Amino acid sequence: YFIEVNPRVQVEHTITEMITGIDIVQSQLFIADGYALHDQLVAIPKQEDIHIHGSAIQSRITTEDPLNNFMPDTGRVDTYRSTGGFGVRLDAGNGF
Amino acid sequence: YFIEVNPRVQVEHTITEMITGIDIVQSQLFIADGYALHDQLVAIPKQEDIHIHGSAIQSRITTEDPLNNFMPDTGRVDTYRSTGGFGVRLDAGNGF
Amino acid sequence: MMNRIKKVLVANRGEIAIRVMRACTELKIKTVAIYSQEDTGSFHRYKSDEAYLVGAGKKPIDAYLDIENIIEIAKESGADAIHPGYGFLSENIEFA
């Protein structure tokens, strides 16, 4: 059952770029400049040629304290060390 | 023309994991434990089902100074800020 | 590489602001960030080629909703286009 349309990018677009290979945010830009999905520069395949590759999960890391009813903590972040390796993606907000 | 066999992982294995989907280092571990490539846990496809997805590039960031004949610089790294976003992978050595 | 869009002003903050900036730089497009007073130190401000204060005097959230100030800055700086991101003004009729 349909419930909603969001006429914008979403937080979770990341996980879609990962399984399809298509840079959604570049696509947005290309589109608005005036191009067409399949123009060789924009490189979006035809619907038939768009496929799922693997599976992806997104976790949003926030200062919501679970030991305090998920109230957002504040302050200076003295240490911030993210992570890496194969199959890992990081999109940083105000965590540096 | 054949020239060499390296009986080990390589620095650039990264770029292969990226276009094939196969975690090479986990595979190594699985193999040595005693499993077989296609055991469902190890999940390596049959040769026919292994494919190329996209293209990947690796650049190795080092303290080799190009303005000084690529002599390795030394010292404390006071600032180190890597990067992120879609299609990006980082495998950290002694850069933190 | 781009037809009409030579410069994009990213009318958001945080993670999505950085994402857009990163997509712009990949396409050789100049980026303009906006920050509220409160966000004078947000790291998305350091990811753009230009940054300008917005909402001077307004409350924290209202400052990123100041349509006319955003248009002033867009115009002042030579921005061909605005990416509204998600949240804030991204779904706002008056702003489009």
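Placing +1 on the Cβ of every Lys and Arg and -1 on the Cβ of every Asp and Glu, with nothing else charged, gives the range C:1-44 a dipole about its Cα centre of roughly 380 debye. Applying both filters, DSSP loop and at most 12 other Cβ atoms within 10 Å, to the trypsin sites (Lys or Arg not before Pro) of the range A:3-96 gives A:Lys46, A:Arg60, A:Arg76, A:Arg81. Here the Gaussian network model covers chain A, with springs between Cα atoms less than 10 Å apart; of A:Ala43, A:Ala56, A:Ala32, A:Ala32 fluctuates the most. For chymotrypsin sites (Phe, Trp or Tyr not before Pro), the sites in the range A:1-33 that DSSP calls loop and that have at most 11 other Cβ atoms within 10 Å are A:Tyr1, A:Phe2. Placing a label point 7 Å from the Cα of A:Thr79 along the Cα-to-Cβ direction, the residues of the range B:52-96 with a backbone N closer than 19 Å are B:77-82, B:92-96.
Remark: the protein assembly as shown carries a charge dipole of roughly 480 debye about the Cα centre, counting +1 on each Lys and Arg Cβ and -1 on each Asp and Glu Cβ. Exposed loop sites here mean GluC sites (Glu not before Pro) with a DSSP loop assignment and at most 16 other beta-carbon atoms within 10 Å; chain B contains its longest site-free run at B:13-96.
With +1 on each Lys and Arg Cβ and -1 on each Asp and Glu Cβ, how big is the dipole of chain B about its Cα centre, in debye rounded to the nearest 20?
Result for chain B is approximately 180 debye, rounded to the nearest 20.
For chain C, applying the loop criterion from DSSP together with a ceiling of 15 other beta carbons within 10 Å to the GluC sites (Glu not before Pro) yields C:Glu38, C:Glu91, C:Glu94.
Each of A:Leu41, A:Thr20, C:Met2 was placed along the dipole of the protein assembly as shown (beta-carbon charges, centred on the mean Cα), and the one lying farthest toward the positive end is C:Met2.
Can you give the longest stretch of chain C with no exposed loop site, where a site means trypsin sites (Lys or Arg not before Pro) in a DSSP loop (not H, G, I, E or B) with at most 12 other C-beta atoms within 10 Å?
Working: sites that count: C:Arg4, C:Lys28.
Segment C:29-96 is the longest.
Read-outs throughout are calculated quantities, based only on the coordinates presented, and are distinct from any laboratory measurement. Reconstructed Cβ throughout: ideal geometry from the backbone, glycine too, with neighbour counts over all protein chains shown.
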